[PDB]
Amino acid sequence: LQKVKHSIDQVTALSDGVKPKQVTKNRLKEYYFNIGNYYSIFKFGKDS
Amino acid sequence: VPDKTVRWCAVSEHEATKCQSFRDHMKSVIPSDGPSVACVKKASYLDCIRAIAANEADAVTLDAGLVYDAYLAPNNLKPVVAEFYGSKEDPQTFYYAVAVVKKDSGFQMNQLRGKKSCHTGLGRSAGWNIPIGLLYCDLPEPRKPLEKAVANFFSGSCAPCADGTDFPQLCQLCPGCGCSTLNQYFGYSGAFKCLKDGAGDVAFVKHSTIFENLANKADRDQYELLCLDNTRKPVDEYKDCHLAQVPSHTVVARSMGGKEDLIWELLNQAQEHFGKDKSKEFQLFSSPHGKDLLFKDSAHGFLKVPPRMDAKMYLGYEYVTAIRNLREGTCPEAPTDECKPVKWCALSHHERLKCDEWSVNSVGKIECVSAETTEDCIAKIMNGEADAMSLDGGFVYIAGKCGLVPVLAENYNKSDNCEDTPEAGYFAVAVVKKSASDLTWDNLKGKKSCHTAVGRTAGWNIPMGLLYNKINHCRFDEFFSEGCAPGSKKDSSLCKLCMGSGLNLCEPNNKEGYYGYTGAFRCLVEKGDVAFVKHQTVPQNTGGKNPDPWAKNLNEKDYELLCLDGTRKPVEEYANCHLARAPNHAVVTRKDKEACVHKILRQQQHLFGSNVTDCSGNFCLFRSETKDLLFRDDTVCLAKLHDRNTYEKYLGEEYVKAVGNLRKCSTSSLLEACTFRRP
Amino acid sequence: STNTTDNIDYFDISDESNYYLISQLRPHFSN
Ligand SMILES: *[C@@H]1O[C@H](CO)[C@@H](O)[C@H](O)[C@H]1NC(C)=O
Ligand SMILES: [Fe+3]
Ligand SMILES: [Fe+3]
């Protein structure tokens, strides 16, 4: 339950949000990899 | 908030590029649960030290001489990861400091006056402390402040980080002293460029600096480096023309908040993937837009600084004393006519009573400084806050590894000339009772075993070194069922058989009743099956020799000692049945106060030795209140050690081998920290 | 009345580096 609440807190914390029209390719990879892992924490959290 | 970042200090933006590349490349091969790097840009090294102190950043890399400026309060910074300089096969930790000069320039070391000099920093190890410390005492008065007299000594120079406002001669060859890579002559390569451009007559660097900046063998055949013996030698051989050896650069961190396990967790996964051509894309130890950024370009690996080792034990004692005398400005003359009073060391508030009574009954020649374990008082000798100790041979091996020497060695045999006679030693035995006749040295599985304390000769090293070759594994808490051995880990059964209450269980000192020889005999009488003591324990506690009642009631004949083959031989006949012959105890001290502790204890012996009768109502240094405190109670005289003053020579070959078969099983942290030094 | 437990699968173990957690629900990893 702690990992679920931390995941929701970080994602909604990113929904303020910083708005670039353009980013670097490795920055974009860091983004999709990043909040993709937050989906992995949340969807892994619900059934547990 | 990512909640697990290691902040890092960069000295310029020109290093902050390297921090950003190390951050993005180190983001990949660590998973998302692991730690990550963040970058903090501070202007100078000292502002980063204040930054880590005020909890902004967490780590930086500093030299050996700047850790001394990093642990002084209110900073309190400790080295946590040290780096290595040799090859991967034989890792070196020390490195050399040398003085490189132009060819045919016509200086030896003693004409070195008024010539423009290229330093690498103010307080860095290989560039300031060894050059100024070598040529230091030829300077005229006033020595303090050091920079005024060095500033009048060299006819202009460049030493970065020195205050150019109060001292213009230090910042003369450089335009302004800047503490970053923006100053074009900072660092090892910068001081060598201060030699190469022709403005400097001498440049003080390490040995690999001339190798790294040049790629031509003939150009290295031009430049030379000058020695201690007033000779010039070529730069290919720095083993013979080096000024001094210094410890490595370290990543400093905080002492309380840390966090050290994330620094080691980060860099340990960093040097594997990124160390030496391990990735072609990113380099940890090389950079395109500069050299020596965040690390050295001569480093090859990182090993952990042990947790016992603090700052002063990292730098050593010789180097801490040289930097401290170079700051305060003393330059001692030292002819040995009168000696200072010896600061003795004593543990745990009974030895403070007997020590202080001895401090008053002397003239004033023996003082007392306390400790709570013996392992801590050995470190307190190594720092300098105490001088002597009386240790048994197992801790004489530890303090021998750490750099102390034995001076006087306790005798036990009464004679009309015992200051001369070298005794062979005393025999270790194990003592069992007449109630149990099924016990046998071959049959020790699941029996309770009382011990003197961890690390001692007759209680731990000699018996468990013999039990180790049978049981073939390091854990002894699983072989015996229970047993009383103090000083071991609080989790073990070996801890929870002992009696010292409360919270003083397994504390290796006289807080417990069960500590010592006689306390091992107490747990043998009360709750144990076998105890490991000296051979003289049962006669000293047999038959009303102890007025304390549990030993007042006891007798000799019921307790009989056991051989190692499995038979019974009487306590009266100890020579034909013993575990091993362990050496007698010894007084240890540092190598400089050897003659003084020798002299003061020889004179101080004859007043308060065994010749003095009427002990109650007077002072008897060798007797005590049966707890065997500050000295072994059946000493006769402190024997002289001549021709044999080294732990190797004094302890003998069989005992050094007998401890060496147990050295992989040892868990004492101070031995690990002392053996960290060796490459 | 119920005196026994039927489902036991709440046991889980993590790696020594604690990087990954295994579970006994499918798909047995978060990844
Ligand atoms: C013991 O003390 C007496 C009196 O102080 C002294 O004369 C004697 O020399 C001492 N014994 C030794 C062995 O020095
Ligand atoms: Fe250095
Ligand atoms: Fe002993």
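Residues numbered from 1 in each chain as written, not as in the entry; some residues may be left out. Chains lettered and ligands numbered in written order. Part of a larger assembly, values for the part shown. Heavy atoms only, no water.

Here the entry title, as the record gives it, is "Cryo-EM structure of a Plasmodium vivax invasion complex essential for entry into human reticulocytes; one molecule of parasite ligand".

Chain B carries the name Serotransferrin in the PDB entry, which gives Homo sapiens as its organism. You can read under Subcellular location in the UniProt record for chain B the words "Secreted". Taken from UniProt, the Sequence similarities comment for chain B reads in full: "Belongs to the transferrin family." (UniProt positions renumbered as here; feature names shortened; annotations may be inferred.)

Caption draft 1: Local environment of the UniProt feature "binding site: Fe(3+) 2" in chain B. Residues and elements named next belong to chain B. According to UniProt, the positions carrying the feature "binding site: Fe(3+) 2" are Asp392, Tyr426, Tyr517 and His585. In summary, the annotated positions, though distributed over 194 residues, converge in three dimensions, the widest C-alpha pair being only 13.8 Å. Structurally, the position occupied by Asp392 is in the loop between β16 (389-391) and α14 (393-402). Assessed through its relative accessible area of 5%, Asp392 is described here as buried. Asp392 has contacts with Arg456, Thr457 and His585, leaving out every residue within four places of it along the chain. Apart from the residues lying within four places of it in its own chain, the contact partners of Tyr426 are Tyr412, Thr457, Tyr517, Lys534, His535, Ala580, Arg581, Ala582, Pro583, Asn584, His585 and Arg632. Polar contacts involving the side chain of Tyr426 include one to the side chain of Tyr517, which spans 3.1 Å. (Helix = DSSP H or I, 4+ residues; strand = E, 2+ residues; numbered from the N terminus. Buried < 20%, exposed > 50% of the residue type's maximum accessible area, 1.4 Å probe, protein only. Contact = heavy atoms within 4.5 Å. Polar contact = N/O pair within 3.5 Å; in protein donor to acceptor, adjacent residues only side chain to side chain.)

Caption draft 2: View of unusual backbone geometry. Residue and element names in this part refer to chain B. Of note, the bond from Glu141 into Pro142 is cis; its omega dihedral lies within 30 degrees of zero at -5°. Along the polypeptide, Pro142 turns up in the loop between α4 (125-134) and α5 (146-153). For the peptide bond that leads from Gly258 to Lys259, omega is 0°, which places it in the cis range. Its place among the elements puts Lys259 in the loop between β12 (250-254) and α9 (260-274). Phi is positive for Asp3, close to 75°, though the residue is something other than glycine. Considering the arrangement of structural elements, one finds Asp3 in the segment before β1 (5-10). Take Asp3: its relative accessible area is 56%, and that puts it in the exposed class. If you check the backbone angles, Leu503 has positive phi at about 75° while not being a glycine. For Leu503, a relative accessible area of 72% translates into the label exposed.

Caption draft 3: Highlighting the state of the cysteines. Residues and elements named next belong to chain B. The final tally for this structure, using the stated rule, is 19 disulfides over all chains. Two residues, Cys171 and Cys177, share a disulfide whose sulfurs are 2.0 Å apart. Looking down the S-S bond of the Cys171 and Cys177 bridge, the torsion is -120°, so its handedness is left-handed. Judged by its relative accessible area of 9%, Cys171 is buried. (Disulfide = S-S within 2.5 Å.)

Caption draft 4: Expanded view of helix α6 (residues 187-196) of chain B. Residues and elements named next belong to chain B. Taken across its ten residues, α6 has seven buried, putting it largely inside the fold. Buried within α6 are the following residues: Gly187, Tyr188, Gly190, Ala191, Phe192, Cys194 and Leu195. Of the surrounding secondary structure, the elements contacted by the buried residues of α6 are β5 (95-101), β6 (117-118), β8 (202-206) and α7 (209-213). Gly198 sits one or two positions beyond α6 and adopts a positive phi of about 95°.

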